[PDB]
Amino acid sequence: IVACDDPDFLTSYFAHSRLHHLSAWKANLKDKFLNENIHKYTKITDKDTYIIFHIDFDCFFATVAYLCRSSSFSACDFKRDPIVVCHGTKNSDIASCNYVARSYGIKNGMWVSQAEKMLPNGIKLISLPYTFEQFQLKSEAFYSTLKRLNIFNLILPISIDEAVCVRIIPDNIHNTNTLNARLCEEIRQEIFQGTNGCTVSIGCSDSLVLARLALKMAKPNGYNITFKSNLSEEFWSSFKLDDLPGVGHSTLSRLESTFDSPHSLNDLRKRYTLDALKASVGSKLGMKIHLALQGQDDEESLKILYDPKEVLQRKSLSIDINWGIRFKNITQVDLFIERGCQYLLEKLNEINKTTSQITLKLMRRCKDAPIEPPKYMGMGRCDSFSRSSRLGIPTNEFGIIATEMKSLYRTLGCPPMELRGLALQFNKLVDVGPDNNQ
DNA sequence: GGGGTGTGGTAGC
DNA sequence: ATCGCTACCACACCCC
Ligand SMILES: Nc1ccn([C@H]2C[C@H](O)[C@@H](COP(=O)(O)OP(=O)(O)OP(=O)(O)O)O2)c(=O)n1
Ligand SMILES: [Mn+2]
Ligand SMILES: [Mn+2]
Ligand SMILES: [Mn+2]
Ligand SMILES: [Mn+2]
C-alpha cells in the first residue's frame, strides 16, 4: 500500500491504472507509426479511391483476461457466464465485460455493485483481474498480423485494440462486396489464429464514419460492409444517437431536448434541420453530425488519411492523477508536483523536445461534498481549476518548470486538504535542433 | 484579420 | 477497498 505522499505513488498508481495503460499504449503506437514511416510516404491523396476497414477486438480485456486466466478461474465459461475485468468488488470500474454480461444490460465503465444489481438470482458475476502484459502481447500479435497480410496501404493505430486500415482501389480493379467479404473473413481468421483465440469485428465502408457504425453493427464476432450506396432506413434505425461519432452524454442530452427525444439515428435523421442542429450542439459539431448522417466524413476527420504523420505527431504532454489524492499540507503537495514534473521531463527528453508553456489543473472538493466519497480514494464531487504560464525561452530545465508549476498551484489557492486531483501539462513542444548557439 | 485565456466535451474510452 | 488517463478540438470572450 502506497499513499500519495510516498515517493513510489506515481509508479504504483500508473502500474495499476488501466486508463493510464490505455493512454500510454496509444501514445507508444503513435510514436511507432511516425518512426516506422520516417521515409515511407503513407498518405492518401485526392487521386485515391479507398476502402476503410475499421477493426476492433470484441470485449478486449475480458477476452484476453479470460484466455490467460489463473487456475482459480479454470472452470469459468466465456460463452455462458457474465464476466467482467476489474480491481475491486464494490465501487470498482468494470473495464470490460463480455457479451453474456451485456445481455443483462451491463456496460464498460459501470461499477461492479451497479452491475451485480442487474443479474437475476442464480446468476453470479465472474470478476477477473487485469493482465496488462498479456493485453499488450495480444495487441502486438494484432498489429503484426495486419501488416503481414500485405493488403493495406495504410494502417492507423486507434488504440491498443483497434485500428483503421485503408485499402486503395486502382481504377482498373473492380471492387465487389464478395471481395470485401473475403478480406473481412481472412482478417478475422488470421487475427483469431495469431492471437490464440481473440476475436475481432470489422466495419467496412467508403467513409470513416460509416466504417465505425458498420463496426458497431458487426459486433460481436462479425463483420458488416455498408457503403454509402448501400445506405437505408433499416441501417439508420439500428443505431442510438450515442453511436454517432462526436456525440457523448452532453451532446446526447442536447439533441434529445431539441428534437423531441429521438430514439435512433433514423429518428434524428428525419427530424433535424442543419440550422437547429448547429443551434443545439454547436456550429462545427452540428456540421459534423449533419455530414455523419449522410454517411460522410468531415474535413477534420479526413486529416488523418491525408496527413497522418502531422495528425499523429504529439503536440502536448501531460499526466493526470485524480485518484488517491489526500494531502495534509503544502510541503507534500509541492513534493508531489516535483515528482510529477520529473516524470514528465523524462518523457520530454525521451522525445528530444523542449516546452515553452505549461499548465496545472486541479480538482477541489465541492464545499458540501463528503471528505471521503463513495468510491474509495475517489476524487468525489469537485470543481476544476486550471492556470497556465508561458515560459520565457523553450526549456527542459527541471528548476524552471517545477518552480513555475508550484507557482501555478499557489496561484490557484486550493488548500492541500481540499485537493482531490492534479493534472500537469507541457502545452507547446519545440524540437531540439543540432544548432543551439544562442 | 491576428493573437491570447480558461472551460468543456469527447476521441481513444 | 481501489488504482476516475491523456490528447486534441471547439468555444466564449479578451487583447491589439
Ligand atoms: N469505460 C471503459 C471502456 C473500455 N476500456 C478498456 C477495456 C476495453 O476492453 C478496451 C477496449 O475498449 P473498447 O471500446 O474497444 O471495448 P471492448 O473491446 O471491451 O468491447 P467491444 O469493443 O466489443 O464493444 O479498453 C476501459 O478500461 N474502460
Ligand atoms: Mn473492442
Ligand atoms: Mn476499441
Ligand atoms: Mn457516443
Ligand atoms: Mn470503444
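Order of the sequence lines sets the chain letters (A, B, ...), proteins ahead of strands, with each chain counted from 1. All values below were derived from every heavy atom in this structure, side-chain atoms included, with hydrogens, water molecules and symmetry-related copies excluded.
Within residues 12-24 of chain A, the residues having any heavy atom under 4.0 Å from DNA chain B are, by residue number, A:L19, A:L22, A:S23. At a non-hydrogen distance threshold of 4.0 Å, A:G88, A:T89, A:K90, A:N91, A:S92, A:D93 from residues 88-96 of chain A come into contact with DNA chain C. Of the residues in residues 354-378 of chain A, those with a non-hydrogen atom less than 4.0 angstrom from any atom of DNA chain C are A:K375, A:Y376, A:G378. Contacts with DNA chain C (heavy atom under 4.0 Å) in residues 318-337 of chain A: A:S318, A:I319, A:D320, A:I321, A:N322, A:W323, listed by number.
Protein chain A contacts DNA chain B over a range whose 5' and 3' limits, counting nucleotides with an atom under 4.0 angstrom from a non-hydrogen atom, are B:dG4 to B:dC13.
With the 3.5 Å cutoff on both pairing distances, Watson-Crick and G-U pairs in DNA chain C assemble into runs of at least 3 at B:1-12 with C:5-16.
For the P atom pair drawn from C:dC3 and B:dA11, the interatomic distance equals 22 Å after rounding to whole Å.
Between the OH atom of A:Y130 and the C1' atom of C:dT2 there is a distance of 9 Å, rounded to whole Å.
Looking at A:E162 and A:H54, their side chains do bring a donor and an acceptor atom within 3.5 Å of each other. Neither side chain, A:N427 nor A:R390, offers a donor N or O lying under 3.5 Å from an acceptor on the other.
Note: A:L244 CG to A:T251 OG1 = 10.0 Å, rounded to the nearest 0.5 Å.
Scored by the side-chain contact (heavy atoms from CB on, under 4.5 Å) test, A:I371 finds A:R365, A:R420 as partners (sequence neighbours excluded). For the ring pair (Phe, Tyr, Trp, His ring centres under 6.0 Å) test, residues two or more places apart in sequence or in another chain that qualify with A:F239 are A:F235. With sequence neighbours excluded, the residues that form a ring pair (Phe, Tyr, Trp, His ring centres under 6.0 Å) with A:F14 are A:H20, A:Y343.
Looking at A:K147 and A:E36, a side-chain N of the basic residue comes within less than 4.0 Å of a carboxylate O on the acidic one, giving a salt bridge.
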For nucleotides 8-11 of chain C, list the nitrogen or oxygen atoms of the protein found under 3.5 Å from its nitrogen or oxygen atoms, one pair per line.
| from | atom 1 | to | atom 2 | distance (Å) |
| --- | --- | --- | --- | --- |
| C:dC8 | OP1 | A:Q313 | O | 3.2 |
| C:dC8 | OP1 | A:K315 | N | 2.9 |
| C:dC8 | OP2 | A:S316 | N | 3.3 |
| C:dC8 | OP2 | A:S316 | OG | 3.0 |
| C:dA10 | OP1 | A:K284 | NZ | 3.3 |
| C:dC11 | OP1 | A:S283 | N | 3.3 |
| C:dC11 | OP1 | A:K284 | N | 2.9 |

Might you list the N or O atoms of the protein lying below 3.5 Å from N or O atoms in nucleotides 13-16 of chain C, with each pair's distance?
none

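Legend: side-chain hydrogen bond (donor to acceptor under 3.5 Å, both in side chains) pairs involving residues 317-336 of chain A, not counting sequence neighbours, sorted by first then second residue: A:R326-A:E372.
In this structure, A:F259 has its ring center at least 6.0 angstrom away from the ring center of A:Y272.
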